[PDB]
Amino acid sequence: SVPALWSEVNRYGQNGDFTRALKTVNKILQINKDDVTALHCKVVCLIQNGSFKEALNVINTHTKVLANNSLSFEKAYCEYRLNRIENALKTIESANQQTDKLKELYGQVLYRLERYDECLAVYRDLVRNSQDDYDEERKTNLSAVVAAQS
């Protein structure tokens, strides 16, 4: 039963067990080779366990099937973590749909590129518009941008 497998994936993900979620997702992918949600979860599992190149290889092996349901955030995130900042920037700017996750990464990418004026505008917006457990951290990031300008 593939609904039963998905129930397993969800349970593991909610408990942060991406190692076991990956095993179950791979069983789903044996049944439905082009399930976009399964490929998306596989990418997340790999990123969560530090396997950024493996996650990127999944994305780039399934480009057509993932097109426009796509994981531009995850692809750019892996590129960012793999010291490919220029790739990461292009992936973000090429995304079909802009999201809060993409904007968060975009601020970090602009910081790494030393584009501090644009970075500051992004972080001011991120600080204002975000409601999450990371306001203190995000304001620390904003202060690092202000410091770099001076």
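So that there is no doubt, residue numbering starts at 1 and follows the sequence shown.
Two stretches are in play, 39-47 and 116-124, and the higher mean C-alpha B-factor belongs to 116-124.
In this entry, the higher average B-factor at the C-alpha atoms falls on 25-33, of the pair 105-113 and 25-33.
Based on the entry's C-alpha B-factors, the most elevated value among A67, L89, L82, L56 belongs to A67.
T19: CA B factor in the lowest third of modelled residues in this chain (values from the PDB entry).
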